[PDB]
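A.B. asks: In PDB author numbering, the protein residues as written are 1027 to 1206. By construction, the Cβ of each residue, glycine as well, lies at the ideal position given by its N, Cα and C atoms. One structure is given below, represented as structure tokens, and several questions about it will come after.
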Ligand SMILES: [Ca+2]
């Protein structure tokens, strides 16, 4: 049930338009019973733990669900960028692991070198009672991210694959953006 974005004026995934802004379970994901929806202006990913998408290691993210922006249809010039950051939100502190593969017209794939993890101790209580942690993936963690970010002839991201694992059946991602 993915939905194309309606407003991508911020230049990054803020999910403030009520859509999944292109994200849905990837066709090549080893796990499919994962719900991906927009809830309260964020991308809510449900049932990761119950469905076995709970590998939190640096190298075995391959066991987790793959979520990609197949119907995003927009693009982000990331020339010179070195970081892919995002907010991870949950009703309580959780453990979350994420690996990423940004994609471009001429650079369709690169095996991530490692997944980045945020643990319960990294989550901060917010005014609304929920918890939030910042997760950052660098060009040093994703070869294809580095390839696109350093290719002056094709530094435009046109899709992206995220490997997501967690011990929680309810987490959300928000403000997924590329920065220096
Ligand atoms: Ca948002």
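Counting only the same chain and skipping the five closest in sequence on each side, list residues whose C-beta sits under 7 Å from that of residue 1145.
C.D. replies: Excluding sequence neighbours, residue 1145 sits near 1121.
A.B. asks: Does the beta-carbon distance from residue 1181 to residue 1105 come in below 7 Å?
C.D. replies: Contact: yes.
A.B. asks: Around the Cβ of residue 1150, are there at least 16 other Cβ atoms within 10 angstroms (buried) or fewer (exposed)?
C.D. replies: Residue 1150 should be labelled exposed.
A.B. asks: May I have the straight-line CA-CA distance separating residue 1288 from residue 1161, to the nearest angstrom?
C.D. replies: Because the chain here runs from 1027 to 1206, residue 1288 falls outside it and cannot be looked at.
A.B. asks: In the DSSP assignment, find the unbroken alpha helix (DSSP H) run with residue 1174 in it and report its ends.
C.D. replies: Residue 1174 -> alpha helix (DSSP H) spans 1169-1175.
A.B. asks: Can you tell me the Cα-Cα spacing of residue 1133 and residue 1175, whole angstroms?
C.D. replies: Between residue 1133 and residue 1175, the C-alpha separation is close to 11 Å.
A.B. asks: Check whether the Cβ of residue 1041 lies closer than 6 Å to any heavy atom of ligand 1, and answer yes or no.
C.D. replies: Within the cutoff, so yes.
A.B. asks: From what residue to what residue does the beta strand (DSSP E) around residue 1191 run?
C.D. replies: Unbroken beta strand (DSSP E) run through residue 1191: 1182-1192.
A.B. asks: Going straight from the alpha carbon of residue 1154 to that of residue 1178, what length do you get?
C.D. replies: Roughly 43 Å between the two C-alpha positions.
A.B. asks: Can you tell me where the beta strand (DSSP E) holding residue 1061 begins and where it ends?
C.D. replies: Taken as a continuous stretch (DSSP letters only), the beta strand (DSSP E) holding residue 1061 covers 1061-1065.
A.B. asks: Under 6 Å: does the beta carbon of residue 1065 sit that close to some heavy atom of ligand 1?
C.D. replies: Answer for residue 1065: no, Cβ out of range of ligand 1.
A.B. asks: Consider the C-beta atom of residue 1200 and the heavy atoms of ligand 1; say whether any pair is separated by less than 6 Å.
C.D. replies: Yes.
A.B. asks: Is residue 1107 buried or exposed, if buried means 16 or more other CB atoms sit within 10 Å of its CB?
C.D. replies: The residue is buried, with at least 16 neighbouring Cβ atoms inside 10 Å.
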